[PDB]
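S.K.: pasting an experimental structure, sequence included:
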Amino acid sequence: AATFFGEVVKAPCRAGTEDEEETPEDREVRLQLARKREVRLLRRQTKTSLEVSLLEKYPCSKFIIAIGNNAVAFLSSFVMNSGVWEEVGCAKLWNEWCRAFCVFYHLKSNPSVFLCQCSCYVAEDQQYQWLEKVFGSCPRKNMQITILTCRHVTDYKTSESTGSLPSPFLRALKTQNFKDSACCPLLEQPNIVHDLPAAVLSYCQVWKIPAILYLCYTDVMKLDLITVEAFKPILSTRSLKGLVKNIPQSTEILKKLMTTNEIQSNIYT
Amino acid sequence: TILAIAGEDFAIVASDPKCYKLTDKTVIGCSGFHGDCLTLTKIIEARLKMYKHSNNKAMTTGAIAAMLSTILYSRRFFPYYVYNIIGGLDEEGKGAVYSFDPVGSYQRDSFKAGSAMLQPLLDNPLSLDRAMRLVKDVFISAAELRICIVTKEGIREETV
Amino acid sequence: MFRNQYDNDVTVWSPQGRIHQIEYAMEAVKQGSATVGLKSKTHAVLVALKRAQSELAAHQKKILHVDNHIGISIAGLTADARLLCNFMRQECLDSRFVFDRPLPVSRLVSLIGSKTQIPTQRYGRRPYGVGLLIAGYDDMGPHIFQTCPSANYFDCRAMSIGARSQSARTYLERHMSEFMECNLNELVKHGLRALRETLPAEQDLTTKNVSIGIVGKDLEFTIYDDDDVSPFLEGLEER
Amino acid sequence: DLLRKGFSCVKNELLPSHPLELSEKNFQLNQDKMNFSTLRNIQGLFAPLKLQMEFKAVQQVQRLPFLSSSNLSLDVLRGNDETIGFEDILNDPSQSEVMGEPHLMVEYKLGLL
Amino acid sequence: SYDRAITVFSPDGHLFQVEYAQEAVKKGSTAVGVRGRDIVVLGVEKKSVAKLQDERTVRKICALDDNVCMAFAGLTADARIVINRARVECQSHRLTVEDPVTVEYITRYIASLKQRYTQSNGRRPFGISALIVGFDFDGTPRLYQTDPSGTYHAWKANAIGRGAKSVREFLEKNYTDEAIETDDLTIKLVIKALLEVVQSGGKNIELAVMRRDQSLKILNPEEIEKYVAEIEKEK
Amino acid sequence: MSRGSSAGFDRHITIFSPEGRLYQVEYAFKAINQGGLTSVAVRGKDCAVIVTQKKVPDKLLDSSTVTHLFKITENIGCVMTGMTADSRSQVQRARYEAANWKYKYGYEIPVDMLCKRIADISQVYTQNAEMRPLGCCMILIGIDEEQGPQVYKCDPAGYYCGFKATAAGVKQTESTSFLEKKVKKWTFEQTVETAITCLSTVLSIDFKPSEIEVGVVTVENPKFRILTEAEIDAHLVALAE
Amino acid sequence: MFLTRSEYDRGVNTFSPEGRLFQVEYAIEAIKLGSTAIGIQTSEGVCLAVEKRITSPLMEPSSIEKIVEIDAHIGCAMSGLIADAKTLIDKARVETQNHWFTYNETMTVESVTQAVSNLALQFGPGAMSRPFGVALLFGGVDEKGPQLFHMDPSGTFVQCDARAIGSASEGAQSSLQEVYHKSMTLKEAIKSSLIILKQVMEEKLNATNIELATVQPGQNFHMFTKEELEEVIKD
Amino acid sequence: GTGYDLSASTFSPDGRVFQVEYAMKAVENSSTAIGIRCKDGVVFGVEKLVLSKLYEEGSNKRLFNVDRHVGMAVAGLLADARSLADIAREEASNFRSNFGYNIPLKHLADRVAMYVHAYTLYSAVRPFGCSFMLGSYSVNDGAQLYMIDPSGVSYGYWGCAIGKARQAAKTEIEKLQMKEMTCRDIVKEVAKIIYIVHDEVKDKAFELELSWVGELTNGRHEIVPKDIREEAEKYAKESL
Amino acid sequence: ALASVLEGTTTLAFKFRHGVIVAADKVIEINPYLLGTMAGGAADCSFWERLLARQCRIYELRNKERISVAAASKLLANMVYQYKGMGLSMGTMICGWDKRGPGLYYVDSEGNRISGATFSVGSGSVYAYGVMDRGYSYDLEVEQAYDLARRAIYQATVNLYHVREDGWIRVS
């Protein structure tokens, strides 16, 4: 961080105490910036917006959340291939890293089953606004929450080198009220998870709601077949039992999706 | 002595001096000081390899002639002592022969030589057999041994 | 949690006695497609797996050309690969021009290692982020080498690098016994069979994402693409 | 170009006017080369490397090139702090009769021109 | 927190020090230029009077050659370097070519010089913006403008400095072919555009003019007052 | 360098403390004691003597390769205290400077001139932001043509002076007090005995012939010479009896 | 088990714990602030289309050159910062003239793209310390058929058949994949490109806010005029 | 020493440079190499861990040759060791060119040690992370062995051992009669020591690599013949 | 790593209201709009006119406008003047029609650069210059000018070109 010869530089701080502590124009610019980064819940199908929190206007018995492109692809291929689902609303965000973008559906046969698909990035100052908009302040007593997320294998902590692990693999973390069991070993001791899934799990734990979070550790973070297929053991759990009916159709849809992914960059060859 | 004759479908280059092959459709003939000739041939080979790597394509005859002219004129105040003749199949079936000077000015022609007037043999067209016979017979008629015919098939190694 | 101060520079030693930037650079080789190389008593071949961003694009070049008897395959960054290829071409051309004798592969690899070691010790630079497989033929017979971002080279005999190369490496280790007494057709067949292990068990090794480079005693370096790889592929069995 | 430079003859730049011109213009470089060669042949590679590193580090803290500098540490390291030559008393560079624009000389020092 | 280095990109792809230089330009003094049929007009608004000052030593309109002139707005010290560099370059090109310089050529040179100083962390950009008008060798009027980033464009009329949005809106509303026909009409248009933002005119306006093959001319307070009174008479 | 400078009143060599103290120089001074040995130099009427400790703790080492007495020139001897690599590098630099002075002026460099040149070189390291001071101190002895024996010393701060009897290492203060007590109240045999007795009294060791090494210069023989085991043992026996 | 802060994207020579030089990715992201450019090559010529996005009616339209002339048979496109593309186009033109002077031959499109890319891959005297924030799109005819290429801030080029660079790259590429055919003529390509442009742009597509150019195998580079744009849009 | 260990030109409050200490700690991340000097020669021995069966027999060699009379064994970072070997070759070749005869080992050790130490002074470079040994034999000088440290200090040794487990290796080396044995027994003793010090749980498998220079080789560095190596391995395994 | 840290020919030409006409008994085609004449060393003429042609092409590409005859002649004179006294030998006439009417210039190796209306160099060119001066005018006929050039060549004793507002053509 030295520009010329002999400049005095200070080492960075890992605790984030470098902001120190320290006019109406300042208030105006702060308010403008705050309004530029405000989470808003809208009903995409006509209308303009919404008034009351999403779960405070409907009854719920199961909630499934997907974060990342791989989990969204998994649920699209394996769960949404059958039945009819009606979109309820979408979320509008703005970060330095963003801009299915946080779109909510529910089963028509069972109006008490909800599914979410967030493929965007939510900054650390928009987690609690997202929680307030989606859940609210009067949580229901009887709910089930399943969360899916993908993380890079270099974030794992092991006695051996991280390149020796047989990736991909699954890990779990569940609330004390989760009377069921998991299909994968629980996360080890010196490992932590942050961001949106951590926020949802913390909310569920604090307000005494059963919940479970699944993590997939992969060496490739793009749309790859192996990463999506690594989620298969979840299909045998009681959480997703009456939602999966046809496997070969899901495999064919997955093949088509893997054919039509996206355009790529030209950095790595 | 260096003698080069063009043709309707092939280029005839002969010598008794040395003749070198640059590609499948070009033959270079040099004379004069040996060290300068060797250095010029090495430079030509190196730049030919560089162009082949850069453009992923072999050099044609006209491009070789232009590059050689630029190389020759690069050192004008300390000129070389060489005489170069380029002959080969240029683009699409026409024999092309190029003449040079020690300073680096070139022009295209049909008959060029390097041993005085070399029996020009007015009039005579000039098929491969007749041209080869005339080229062989000029030296023995003068009475004062290698032929490298270039064609679409390839380059031969005729000897006398 | 204590790594924050000791991993922003390549001229800083960690309290455990490690340099983390070298390992981070080594992590970049696994960002590219898998490539496979193997040799026999007479020939050395290189097999790569091309990858296109989408349907309306042409697959990028993974096998380059250095000299009449040396060819390489790349995996990792692209600018570093181009710079290294330029250096190798310049060295080979200079040696040929001066000594009128081809530059030996061992000397080339030693020069590459010596050049690559430098930016891992001084300030203002970063390690190269590309791994190479070099195949050549000289007076000592066929050769095959590997290059690491940590300025290390190994004189292997059958190696594969890139993303998800463990299966190919296992297959090569299993079948390395019967490689010396083979000719070109079954050598290329073994290479393709080893490379096929990388793909998931739903795809196929079609004639649109395969590049082959072959060098030998009387045969110069040659690259086959598109319809040129058809004669090398009909004999393969099913999965 | 053609106004920032002029009155230059190519044929009058290849041939030096006096036998002593080049030797006087490049005395320090030749002296350093001789000293470094002798030191490297006697002791090893490390001594010239250390000397060059010290010279480079010292020479990097000076005034901008449109103002005269003193060069004290460099003279201490070289040993010219107790010797006076003809370069010190003749044609004093602190009272030069010509000088260019500041920004242009600073840019030329960096090599952007 | 990505705005403390010149050559550092933002996560959304922004270079912020150049934008801060543009912000520094934004707080200068208004300068307006209009390109006419057979004339070009420039004009700036004066700051605090400072009655005990010599007005000759402070001017914001300069002549680069016999057919090019320039106005600026931003930092005062930085413009004095670019002006001298352009003045030297004009004569250098005259030696090189024997033809008088082109407005586009001199604008491109100035833009390149400005761009050179936004490529390293050891130097800071020039916080000025320029308006260049002149006549080509074919007798065609021109008008250009540069930015601290190093980009230039060709305009019919525009304005820079503080309070430029209202001036540009007025110019857009009131610029046409019926008010450009005569030199007097063009000068009245420029004066009105300047009056749209300045206080009581006639004492806070500096205006210049250049016709074809006539060199730069600086209008005097008597003529400025005459034009202002003529405008005032027109309801 | 592009590494910048650390922030703090210590932690950099070109930063002044609120009352003008350079702390990196004092830390370099503290670095001398890292070796753990002590050196003593005493100047006699017509001779100079250098005595230093020797410590080999490993039976797998070669005792002939462990030494701290160097020979800068045929008439100049040195003893180094501090880091071993730094001491050897500074010895090489001193040899180069002596050769350069000989070439430039035509006669052998004097001890004071050599010490002054070394100190002048060392002073530059404390003003720039690139180099760091060496953690060692050098003691030089020699015979002058017209002045006699001479003892000098240099320190990492760039300060040099001439003494009558000095010491360096870890017991410098006690050795200095003993030397003042002795001087306030000398042939060749008395100087060696005085130095050995000073070291033995300060360290409370009762040395054996294989734990010390001695180098002397005299007017009759002005060449630096390292004493041998037999001579050291003879001196120790004479001192004991 | 604590959570802390780590930074890996404030320097060009810093590797993230998974490779991933982030400054290059940020430079690539900086392309999205430009204007959409569409280029597709066919059996009888290559087409290039790009929007202008004029900021004010007072600006002269014939000054925002989003399509330039590298040589008599090679085009180019624009996306990102304007100042950098100028110093890349200058290199392209100088190289393509030097090749002719040396060999009496026309440079290959691939060769000129490689020569251009050899300059933008080196960073970190006159070389910059940051990646170029621009993406180019070459095209033209040669001894082979029509050819189309691409280039991004990382400095590496790839041959292609249908590209879309700018703000609406994703949607434009999706539409191009849906519509493109192996062998069409220079009317369906034009119609599809104009339709996609009119869809992606928020404003109405008139005859002045866009720009078009073609390179047929027989003729040299030719740029459509206002009447040609009007008659194409009307159809 | 936190706060004073980010550069090689910074002193701790107690007067010590910590980057050098980290560099010397980095050498215990590799395997163990030992060297024993005997009555009429010097014998080397290293423990090499096999990474895979694909590498050719003779890859990642850790026993180099400087010239026809000097051996070398390394430990630590491999690239730094290769660079130092190249520097040593250059120094020896230059000395031979100038003076016309073989370079003594002490001067070569001094030159290489000073070159290594030169990287300890500046903040623009990084200290080396490898330590090595040298050995030779002459009729009028006998056996000679030396050590080099990442800090830049050199010494002469009778028996030396560097790497992960230098302490135990030295412990078993000290109970030997170096001065009254030939190479024939020293090779077996070295093999036994290497087999004793090796740990089986952490490292999967390893292959030996032995060499000597001495009188019976006419002062030339060479690889042990295969039969002698096999019998030494058998002796070590039987004794273990 | 540490070491890396440190570092027999007759020609004539004339112009009038309807362009420029050049005649000879070689002539280099610099550009579709600029035409040149060779006199002296062949290699020097070829190389230097090729360099001028490429530089004019670069200028036209940069400025999106054709160069002027005066600028091209001045550029060629400046480029030649640098290597003065080195043995270069050339005499050239630059003819073209850009703006303000046609222009004709002469430039040689020494450094001369003269703008005139009639030019003729080489061997017995004095008779040609005399006859053309006798038959010179400003308002004439194209066929009359061709006949005058032919008569001048015949008296001096064929290559003939004409430069118009949109390029040059060869008639014989």
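M.R.: Happy to help now that I have it. Numbers count the residues shown, from 1 in each chain, chains lettered A, B, ... in the order given.
S.K.: give the buried residues for the longest helix seen in chain B.
M.R.: Ranked by residue count under DSSP state H, the longest helix found in chain B is helix B:34-55. For helix B:34-55, the neighbour count (16 or more other CB atoms under 10 Å in any protein chain shown) marks B:37, B:40, B:41, B:44, B:48, B:49, B:51, B:53, B:55 as buried. For the C-beta atoms, the positions are set from N, CA and C on the backbone; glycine is no exception.
S.K.: can you add distance to residue B:6 and give the residues you listed back as a markdown table?
M.R.: As requested, the buried residues of helix B:34-55 are arranged in a markdown table below (distance: CB to CB, whole Å):
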| residue | distance to residue B:6 |
| --- | --- |
| B:37 | 24 |
| B:40 | 23 |
| B:41 | 23 |
| B:44 | 22 |
| B:48 | 23 |
| B:49 | 28 |
| B:51 | 25 |
| B:53 | 31 |
| B:55 | 27 |
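S.K.: just those now: which is nearest residue F:11?
M.R.: residue B:53 (52.8 Å; CB to CB).
S.K.: tell me the contacts of that closest one?
M.R.: Residues touching residue B:53, when contacts are defined by CB atoms under 8 Å, 6 or more residues apart in numbering or on different chains, comprise C:65, C:89.
S.K.: got the residues of chain B near chain C?
M.R.: By CB under 8 Å from any CB of the partner chain, the part of chain B that sits against chain C consists of B:42, B:45, B:46, B:49, B:50, B:53.
S.K.: so the second one sits against residue B:22, correct?
M.R.: The reference is to residue B:45. Yes - the pair formed by residue B:45 and residue B:22 meets the contact definition of CB atoms under 8 Å, at 7.4 Å.
S.K.: helices along chain D, start to end?
M.R.: Remark: helices of chain D, listed N- to C-terminal, are D:21-25, D:27-42, D:46-58, D:72-78, D:86-89, D:102-110; assignment by DSSP H.
S.K.: ignore the last one, chain B
M.R.: Counting by DSSP H, one finds helices in chain B at the ranges B:34-55, B:61-74, B:128-142.
S.K.: OK, contacts around the residue in chain B positioned nearest to chain H?
M.R.: Closest approach between chain B and chain H, counting by CB to the nearest CB: residue B:46, at 28.8 Å. Contact partners of residue B:46, counting by CB under 8 Å, 6+ apart, are C:93, C:97.
S.K.: one more time with 10 Å
M.R.: If a contact means CB atoms under 10 Å, 6 or more residues apart in numbering or on different chains, then residue B:46 has C:93, C:94, C:96, C:97 as its contacts.
S.K.: tell me, how many residues neighbour the first one?
M.R.: When neighbours are counted by other CB atoms under 10 Å in any protein chain shown, residue C:93 registers 18.
S.K.: do the last one as well
M.R.: Using other CB under 10 Å, residue C:97 has 13 neighbouring residues.
S.K.: in a strand, it, correct?
M.R.: No - the assignment for residue C:97 by DSSP: H, G, I helix; E, B strand; the rest coil gives helix, which leaves it out of any strand.
S.K.: I'd like the distance between it and residue I:105.
M.R.: To residue I:105, residue C:97 is 46 Å away according to CB to CB, to the nearest Å.
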